[PDB]
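Enquirer: Provided below: my_file-v2.cif, containing mmCIF, C-alpha atoms and all ligand atoms.
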data_run
#
loop_
_atom_site.group_PDB
_atom_site.id
_atom_site.type_symbol
_atom_site.label_atom_id
_atom_site.label_comp_id
_atom_site.auth_asym_id
_atom_site.auth_seq_id
_atom_site.Cartn_x
_atom_site.Cartn_y
_atom_site.Cartn_z
ATOM 1 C CA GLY A 1 61.476 -79.388 36.556
ATOM 2 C CA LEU A 2 64.760 -78.472 34.912
ATOM 3 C CA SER A 3 65.457 -76.244 31.935
ATOM 4 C CA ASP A 4 67.439 -77.417 28.932
ATOM 5 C CA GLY A 5 70.459 -75.474 30.177
ATOM 6 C CA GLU A 6 70.173 -77.114 33.586
ATOM 7 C CA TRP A 7 70.021 -80.594 32.053
ATOM 8 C CA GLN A 8 73.098 -79.691 29.989
ATOM 9 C CA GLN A 9 74.944 -78.874 33.211
ATOM 10 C CA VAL A 10 73.817 -82.137 34.827
ATOM 11 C CA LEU A 11 75.041 -84.210 31.932
ATOM 12 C CA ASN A 12 78.311 -82.290 31.772
ATOM 13 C CA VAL A 13 78.928 -83.021 35.468
ATOM 14 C CA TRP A 14 77.966 -86.636 34.851
ATOM 15 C CA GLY A 15 80.816 -86.936 32.353
ATOM 16 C CA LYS A 16 83.176 -86.522 35.301
ATOM 17 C CA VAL A 17 81.505 -89.474 37.023
ATOM 18 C CA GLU A 18 81.572 -91.675 33.920
ATOM 19 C CA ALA A 19 85.355 -91.302 33.605
ATOM 20 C CA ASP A 20 85.728 -93.263 36.878
ATOM 21 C CA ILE A 21 82.352 -94.720 37.809
ATOM 22 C CA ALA A 22 83.760 -97.242 40.285
ATOM 23 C CA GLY A 23 85.884 -94.703 42.160
ATOM 24 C CA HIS A 24 83.011 -92.246 42.401
ATOM 25 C CA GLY A 25 80.581 -94.991 43.420
ATOM 26 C CA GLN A 26 82.965 -96.268 46.084
ATOM 27 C CA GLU A 27 83.412 -92.829 47.594
ATOM 28 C CA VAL A 28 79.682 -92.050 47.522
ATOM 29 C CA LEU A 29 78.902 -95.208 49.485
ATOM 30 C CA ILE A 30 81.773 -94.652 51.944
ATOM 31 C CA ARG A 31 80.534 -91.111 52.589
ATOM 32 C CA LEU A 32 77.012 -92.461 53.185
ATOM 33 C CA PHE A 33 78.107 -95.279 55.506
ATOM 34 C CA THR A 34 80.588 -93.212 57.539
ATOM 35 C CA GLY A 35 78.355 -90.163 57.815
ATOM 36 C CA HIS A 36 75.172 -92.127 58.589
ATOM 37 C CA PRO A 37 76.129 -95.510 60.095
ATOM 38 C CA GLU A 38 72.499 -96.605 60.421
ATOM 39 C CA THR A 39 72.460 -96.889 56.607
ATOM 40 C CA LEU A 40 75.049 -99.673 56.730
ATOM 41 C CA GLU A 41 72.552 -101.814 58.662
ATOM 42 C CA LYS A 42 70.299 -102.041 55.590
ATOM 43 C CA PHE A 43 73.002 -103.969 53.679
ATOM 44 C CA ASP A 44 73.394 -107.529 54.878
ATOM 45 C CA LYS A 45 76.438 -107.839 52.608
ATOM 46 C CA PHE A 46 78.231 -104.782 54.024
ATOM 47 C CA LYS A 47 77.248 -104.842 57.707
ATOM 48 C CA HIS A 48 80.455 -106.800 58.430
ATOM 49 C CA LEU A 49 82.491 -103.717 57.502
ATOM 50 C CA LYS A 50 83.619 -102.119 60.748
ATOM 51 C CA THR A 51 86.307 -99.651 59.638
ATOM 52 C CA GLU A 52 86.585 -97.313 56.686
ATOM 53 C CA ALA A 53 89.815 -99.091 55.684
ATOM 54 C CA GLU A 54 87.792 -102.300 55.307
ATOM 55 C CA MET A 55 85.239 -100.337 53.288
ATOM 56 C CA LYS A 56 87.995 -98.974 51.018
ATOM 57 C CA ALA A 57 89.480 -102.464 50.535
ATOM 58 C CA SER A 58 86.134 -104.061 49.682
ATOM 59 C CA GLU A 59 85.927 -104.906 46.003
ATOM 60 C CA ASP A 60 82.277 -105.849 46.391
ATOM 61 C CA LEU A 61 81.508 -102.379 47.747
ATOM 62 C CA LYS A 62 83.109 -100.841 44.677
ATOM 63 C CA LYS A 63 81.055 -103.227 42.536
ATOM 64 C CA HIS A 64 77.852 -102.085 44.206
ATOM 65 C CA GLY A 65 78.869 -98.466 43.750
ATOM 66 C CA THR A 66 79.084 -99.163 40.023
ATOM 67 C CA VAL A 67 75.593 -100.697 40.015
ATOM 68 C CA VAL A 68 74.110 -97.717 41.898
ATOM 69 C CA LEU A 69 75.719 -95.004 39.796
ATOM 70 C CA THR A 70 75.001 -96.848 36.543
ATOM 71 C CA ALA A 71 71.323 -96.875 37.448
ATOM 72 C CA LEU A 72 71.338 -93.212 38.455
ATOM 73 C CA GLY A 73 73.105 -92.190 35.246
ATOM 74 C CA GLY A 74 70.528 -94.018 33.160
ATOM 75 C CA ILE A 75 67.791 -92.078 34.967
ATOM 76 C CA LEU A 76 69.564 -88.721 34.614
ATOM 77 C CA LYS A 77 70.083 -89.236 30.897
ATOM 78 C CA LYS A 78 66.288 -89.360 30.515
ATOM 79 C CA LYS A 79 66.050 -85.664 31.496
ATOM 80 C CA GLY A 80 63.028 -86.224 33.690
ATOM 81 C CA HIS A 81 61.233 -88.717 31.425
ATOM 82 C CA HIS A 82 62.190 -91.571 33.727
ATOM 83 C CA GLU A 83 58.885 -93.166 34.823
ATOM 84 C CA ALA A 84 59.789 -96.627 33.485
ATOM 85 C CA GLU A 85 63.322 -96.540 34.929
ATOM 86 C CA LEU A 86 62.307 -95.140 38.311
ATOM 87 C CA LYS A 87 59.256 -97.319 39.060
ATOM 88 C CA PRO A 88 61.155 -100.615 39.707
ATOM 89 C CA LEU A 89 63.687 -98.834 41.910
ATOM 90 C CA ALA A 90 60.979 -97.137 43.973
ATOM 91 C CA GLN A 91 59.213 -100.480 44.347
ATOM 92 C CA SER A 92 62.298 -102.470 45.318
ATOM 93 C CA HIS A 93 63.506 -99.814 47.734
ATOM 94 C CA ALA A 94 60.143 -99.478 49.471
ATOM 95 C CA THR A 95 59.047 -103.110 49.531
ATOM 96 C CA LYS A 96 62.187 -105.250 49.590
ATOM 97 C CA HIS A 97 65.023 -103.104 50.935
ATOM 98 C CA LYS A 98 62.816 -100.866 53.124
ATOM 99 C CA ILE A 99 64.844 -97.704 52.542
ATOM 100 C CA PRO A 100 63.258 -94.565 54.049
ATOM 101 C CA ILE A 101 63.209 -91.475 51.847
ATOM 102 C CA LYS A 102 65.516 -89.813 54.393
ATOM 103 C CA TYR A 103 68.315 -92.129 53.284
ATOM 104 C CA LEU A 104 67.791 -90.994 49.687
ATOM 105 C CA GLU A 105 68.288 -87.428 50.936
ATOM 106 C CA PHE A 106 71.512 -88.574 52.637
ATOM 107 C CA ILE A 107 72.892 -90.133 49.453
ATOM 108 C CA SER A 108 71.916 -87.082 47.409
ATOM 109 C CA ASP A 109 73.961 -84.842 49.661
ATOM 110 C CA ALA A 110 76.784 -87.403 49.619
ATOM 111 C CA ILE A 111 76.961 -87.183 45.818
ATOM 112 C CA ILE A 112 77.387 -83.406 46.091
ATOM 113 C CA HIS A 113 80.065 -83.855 48.753
ATOM 114 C CA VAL A 114 82.035 -86.366 46.666
ATOM 115 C CA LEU A 115 81.919 -84.198 43.543
ATOM 116 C CA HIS A 116 83.487 -81.293 45.441
ATOM 117 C CA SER A 117 86.029 -83.613 47.042
ATOM 118 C CA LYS A 118 87.179 -85.187 43.762
ATOM 119 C CA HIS A 119 86.880 -82.068 41.592
ATOM 120 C CA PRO A 120 87.698 -79.119 43.882
ATOM 121 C CA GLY A 121 87.308 -75.856 42.041
ATOM 122 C CA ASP A 122 85.827 -77.666 39.038
ATOM 123 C CA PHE A 123 82.223 -78.103 40.307
ATOM 124 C CA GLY A 124 80.859 -74.607 39.894
ATOM 125 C CA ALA A 125 77.909 -72.945 41.528
ATOM 126 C CA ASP A 126 75.710 -73.382 38.457
ATOM 127 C CA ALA A 127 76.651 -77.061 38.173
ATOM 128 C CA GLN A 128 75.879 -77.654 41.851
ATOM 129 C CA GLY A 129 72.511 -75.942 41.426
ATOM 130 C CA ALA A 130 71.523 -78.085 38.472
ATOM 131 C CA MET A 131 72.761 -81.359 39.981
ATOM 132 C CA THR A 132 70.909 -80.612 43.207
ATOM 133 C CA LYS A 133 67.681 -79.946 41.293
ATOM 134 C CA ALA A 134 68.066 -83.199 39.372
ATOM 135 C CA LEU A 135 68.563 -85.214 42.575
ATOM 136 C CA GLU A 136 65.562 -83.464 44.100
ATOM 137 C CA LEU A 137 63.398 -84.450 41.135
ATOM 138 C CA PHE A 138 64.613 -88.040 41.444
ATOM 139 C CA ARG A 139 63.846 -88.072 45.166
ATOM 140 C CA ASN A 140 60.458 -86.396 44.694
ATOM 141 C CA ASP A 141 59.269 -88.904 42.118
ATOM 142 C CA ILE A 142 60.368 -91.762 44.360
ATOM 143 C CA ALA A 143 58.507 -90.066 47.221
ATOM 144 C CA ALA A 144 55.311 -90.061 45.170
ATOM 145 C CA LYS A 145 55.615 -93.826 44.680
ATOM 146 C CA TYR A 146 56.368 -94.291 48.369
ATOM 147 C CA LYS A 147 53.128 -92.465 49.219
ATOM 148 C CA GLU A 148 51.129 -94.664 46.838
ATOM 149 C CA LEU A 149 52.545 -97.713 48.670
ATOM 150 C CA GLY A 150 52.017 -96.237 52.130
ATOM 151 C CA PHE A 151 55.699 -96.708 52.894
ATOM 152 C CA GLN A 152 57.398 -94.665 55.588
HETATM 153 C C1 LIG L 201 70.933 -92.836 44.034
HETATM 154 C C2 LIG L 201 70.167 -93.650 44.741
HETATM 155 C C3 LIG L 201 70.159 -95.109 44.577
HETATM 156 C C4 LIG L 201 70.174 -95.871 43.435
HETATM 157 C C5 LIG L 201 70.081 -95.364 42.002
HETATM 158 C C6 LIG L 201 70.102 -97.218 43.865
HETATM 159 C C7 LIG L 201 70.138 -98.288 42.962
HETATM 160 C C8 LIG L 201 70.113 -99.639 43.296
HETATM 161 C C9 LIG L 201 70.121 -100.748 42.397
HETATM 162 C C10 LIG L 201 70.169 -100.631 40.885
HETATM 163 C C11 LIG L 201 70.054 -101.870 43.145
HETATM 164 C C12 LIG L 201 69.975 -103.288 42.633
HETATM 165 C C13 LIG L 201 68.594 -103.633 42.041
HETATM 166 C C14 LIG L 201 67.490 -103.453 43.052
HETATM 167 O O1 LIG L 201 67.548 -104.128 44.109
HETATM 168 O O2 LIG L 201 66.548 -102.665 42.784
HETATM 169 C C15 LIG L 201 70.152 -101.466 44.515
HETATM 170 C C16 LIG L 201 70.161 -102.348 45.566
HETATM 171 C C17 LIG L 201 70.085 -101.932 46.889
HETATM 172 N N1 LIG L 201 69.878 -100.661 47.332
HETATM 173 FE FE1 LIG L 201 69.846 -99.049 46.301
HETATM 174 N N2 LIG L 201 70.039 -97.281 45.211
HETATM 175 C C18 LIG L 201 70.061 -96.046 45.713
HETATM 176 C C19 LIG L 201 70.067 -95.650 47.059
HETATM 177 C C20 LIG L 201 70.094 -96.529 48.132
HETATM 178 C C21 LIG L 201 70.192 -96.185 49.504
HETATM 179 C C22 LIG L 201 70.182 -94.773 50.068
HETATM 180 C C23 LIG L 201 70.153 -97.362 50.243
HETATM 181 C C24 LIG L 201 70.330 -97.607 51.693
HETATM 182 C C25 LIG L 201 70.739 -96.706 52.570
HETATM 183 C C26 LIG L 201 70.083 -98.424 49.302
HETATM 184 C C27 LIG L 201 69.979 -99.739 49.653
HETATM 185 C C28 LIG L 201 69.977 -100.764 48.701
HETATM 186 C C29 LIG L 201 70.100 -102.170 49.129
HETATM 187 C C30 LIG L 201 69.996 -102.664 50.556
HETATM 188 C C31 LIG L 201 70.211 -102.898 48.004
HETATM 189 C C32 LIG L 201 70.393 -104.402 47.921
HETATM 190 C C33 LIG L 201 71.897 -104.713 47.967
HETATM 191 C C34 LIG L 201 72.132 -106.200 47.864
HETATM 192 O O3 LIG L 201 72.018 -106.897 48.888
HETATM 193 O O4 LIG L 201 72.790 -106.655 46.915
HETATM 194 N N3 LIG L 201 69.936 -97.886 48.039
HETATM 195 N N4 LIG L 201 70.083 -100.091 44.594
#
As structure tokens - that is how I would like this structure written.
Ligand code: HEM
Expert:
Amino acid sequence: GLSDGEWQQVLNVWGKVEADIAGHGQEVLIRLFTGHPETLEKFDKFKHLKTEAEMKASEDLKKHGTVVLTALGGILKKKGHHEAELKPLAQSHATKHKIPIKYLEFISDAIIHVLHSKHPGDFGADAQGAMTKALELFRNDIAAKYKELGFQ
């Protein structure tokens, strides 16, 4: 549950992402894959990437980063009223991709890391607080759907 002022912060931060969605999406995925190499094994189309240089050179990885962040931005712009947008993603991630909730924690922290890395000194303590709360809400509502499905 976020206040109006917290949502305003989230959507202000998101404007930074929307100026370069592909660059942000690329770096989020590279941070996930390099920090948590077991996550790479869930992607049949990226498992061939052995080095970070290959990851950086991959245009398909940048494309997927755009898909991921476009979906997240659509959810965030709903300010919590995201049941219709979140349900298909929870279902596909539990039943088809088999993504444990832990990996959604990993990517949430990776988003925070990338924002500080690309905007040092311009991602303030209030903005970090509000973005963190929004990613927690996203993760918590997915977790509820995971429990319904019995997925661990
Ligand atoms: C911010 C969180 C995330 C968002 C919004 C997101 C969004 C999406 C979207 C929109 C798709 C394509 C449609 C679909 O299959 O439902 C996708 C595919 C996928 N997601 Fe996620 N995702 C997230 C996190 C993750 C994480 C943490 C993993 C794995 C560690 C992951 C693994 C996958 C895989 C394996 C695919 C299929 C890729 C393919 O082969 O083309 N996702 N995701």
Enquirer: Carefully work through the PyMOL selection byres (((not hetatm)) within 8 of (chain L and resi 201)) for this structure and note down the residues it includes, as JSON, numbers by chain.
Expert: {"A": [32, 39, 40, 42, 43, 44, 45, 64, 67, 68, 69, 70, 71, 72, 88, 89, 90, 91, 92, 93, 96, 97, 98, 99, 100, 101, 103, 104, 105, 106, 107, 108]}
Enquirer: Enter the distance from atom CA of residue 114 of chain A to atom CA of residue 129 of chain A, in Å, rounded to one decimal.
Expert: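 Rounded to one decimal, the two atoms are 15.1 Å apart.
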Enquirer: Any idea what's packed within 10 Å of segment 118-122 of chain A, counting only C-alpha atoms, ignoring anything in its chain fewer than 4 positions away? Could you give it as a PyMOL selection string?
Expert: chain A and resi 13+16-17+23-24+27+113-114+127
Enquirer: Interatomic distance between atom CA of residue 46 of chain A and atom CA of residue 77 of chain A?
Expert: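 Straight-line distance from atom CA of residue 46 of chain A to atom CA of residue 77 of chain A works out to 29.0 Å.
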Enquirer: For the structure provided, state which residues fall under the PyMOL selection byres (((chain A and resi 7) around 9) and not hetatm), and present them as an mmCIF file with C-alpha atoms, in the coordinates of the input.
Expert:
data_model
loop_
_atom_site.group_PDB
_atom_site.id
_atom_site.type_symbol
_atom_site.label_atom_id
_atom_site.label_comp_id
_atom_site.auth_asym_id
_atom_site.auth_seq_id
_atom_site.Cartn_x
_atom_site.Cartn_y
_atom_site.Cartn_z
ATOM 1 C CA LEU A 2 64.760 -78.472 34.912
ATOM 2 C CA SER A 3 65.457 -76.244 31.935
ATOM 3 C CA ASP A 4 67.439 -77.417 28.932
ATOM 4 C CA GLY A 5 70.459 -75.474 30.177
ATOM 5 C CA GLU A 6 70.173 -77.114 33.586
ATOM 6 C CA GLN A 8 73.098 -79.691 29.989
ATOM 7 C CA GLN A 9 74.944 -78.874 33.211
ATOM 8 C CA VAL A 10 73.817 -82.137 34.827
ATOM 9 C CA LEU A 11 75.041 -84.210 31.932
ATOM 10 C CA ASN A 12 78.311 -82.290 31.772
ATOM 11 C CA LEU A 76 69.564 -88.721 34.614
ATOM 12 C CA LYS A 77 70.083 -89.236 30.897
ATOM 13 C CA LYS A 79 66.050 -85.664 31.496
ATOM 14 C CA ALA A 130 71.523 -78.085 38.472
ATOM 15 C CA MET A 131 72.761 -81.359 39.981
ATOM 16 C CA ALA A 134 68.066 -83.199 39.372
#
Enquirer: Could you check how far atom CA of residue 86 of chain A sits from atom CA of residue 142 of chain A, in Å to one decimal?
Expert: 7.2 Å
Enquirer: List the residues matched by the PyMOL selection byres (((chain A and resi 55-59) around 10) and not hetatm) in the displayed structure as a list in words, ordered by chain and then by residue number.
Expert: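 That selection, the PyMOL selection byres (((chain A and resi 55-59) around 10) and not hetatm), comes back as residues 22, 26, 27, 29, 30, 33, 34, 46, 48, 49, 50, 51, 52, 53, 54, 60, 61, 62, 63, 64 and 65 of chain A.
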Enquirer: Quick one: of A:102, A:139, A:87, A:82, who's nearest to residue 38 of chain A, counting all atoms listed in the file?
Expert: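 So, comparing all the options, the nearest one is A:102.
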Enquirer: Identify which of the residues A:66, A:146, A:141, A:124 lies closest to residue 20 of chain A, counting only C-alpha atoms when measuring atom-to-atom distances.
Expert: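 Of the candidates, the smallest distance to residue 20 of chain A is held by A:66.
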Enquirer: From the options A:80, A:73, A:1, A:37, which residue's atoms come nearest to residue 14 of chain A, counting only C-alpha atoms?
Expert: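 Among the listed residues, the smallest separation from residue 14 of chain A belongs to A:73.
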Enquirer: From the options A:95, A:28, A:85, A:116, which residue's atoms come nearest to residue 151 of chain A, counting all atoms listed in the file?
Expert: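 Answer, going by the shortest atom-to-atom distance: A:95.
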Enquirer: Kindly indicate which residue among A:143, A:137, A:115, A:84 lies nearest to residue 25 of chain A, using only C-alpha atoms for the distances.
Expert: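 Nearest to residue 25 of chain A: A:115.
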Enquirer: Tell me which of A:35, A:15, A:135, A:140 sits closest to residue 75 of chain A, counting only C-alpha atoms.
Expert: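 When distances to residue 75 of chain A are compared using only C-alpha atoms, the smallest one comes from A:135.
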